[PDB]
Amino acid sequence: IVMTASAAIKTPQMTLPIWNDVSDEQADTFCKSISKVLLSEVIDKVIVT
DNA sequence: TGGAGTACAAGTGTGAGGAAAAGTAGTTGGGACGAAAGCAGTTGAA
């Protein structure tokens with residue numbers, strides 16, 4: 001912050017307030033709609049013959 | 001009964017020897033407490 005005035009922070013974050021009518025089950029479904037999903041994450045095996 | 005030759009010693013010049021403790025002659029030994037970060041004008045080619 002004080003030195004270097006870095007536009008490239010190591011861990012840039014963003015805090016998102018959710019509404020007062022949206023629930024926790026609706027919000028956990030919502031976090032999945034944003035997060036990056038590699039194709040690696042859904043693969044159990046790759047068998048190559 | 002006088003002289004002709006002649007070895008024994010009194011007597012006279014030439015250099016050659018003797019010695020030592022000082023110095024100097026050739027080899028070998030030895031002398032040399034530093035494998036740091038995000039960042040920026042220049043600068044890579046697209």
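Letters A, B, ... mirror the listed sequences (proteins, then strands); counts begin at 1.
The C1'-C2'-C3'-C4' torsion of B:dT28 is positive, so its sugar falls on the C3'-endo, or north, side. At B:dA25 the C1'-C2'-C3'-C4' dihedral is positive, so the sugar adopts a north, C3'-endo-type conformation. Sugar puckers are classed by the sign of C1'-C2'-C3'-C4'; that of B:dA36 comes out north, on the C3'-endo side. A north sugar is assigned to B:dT27: the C1'-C2'-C3'-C4' torsion is positive, on the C3'-endo side. Residue note: B:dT43 shows a south-type sugar, the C1'-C2'-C3'-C4' torsion being below zero.
Cluster partners of A:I18, by chain and number: A:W19, A:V22. The rule joins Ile, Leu, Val, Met, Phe, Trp and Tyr whenever side-chain heavy atoms lie under 4.5 Å apart. A:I9 belongs to no hydrophobic cluster, as no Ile, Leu, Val, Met, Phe, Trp or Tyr side chain comes under 4.5 Å of its own. Grouping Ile, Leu, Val, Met, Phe, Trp and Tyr by side-chain contacts under 4.5 Å, direct or through others, puts A:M14 with A:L16.
Here A:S40 pairs with nothing under the side-chain hydrogen bond (donor to acceptor under 3.5 Å, both in side chains) rule; sequence neighbours left out. Considering only residues two or more places apart in sequence or on other chains, A:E25 meets the side chain to side chain contact (heavy atoms under 4.5 Å, CB included) condition with A:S23.
Within residues 2-10 of chain A, the residues that place at least one heavy atom under 4.0 Å from DNA chain B are, in residue-number order, A:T4, A:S6.
For the consecutive pair B:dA25/B:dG26, the pyrimidine-type rings do not sit with centres less than 5.5 Å apart and planes less than 30° apart, so they do not qualify as a stack.
Summarising the geometry of A:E41 relative to A:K36, their closest heavy-atom pair is OE1-O, 4.1 Å, with the distance given to 0.1 Å.
Comparing the P positions of B:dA20 and B:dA16 gives an interatomic distance of 23 Å, to the nearest angstrom.
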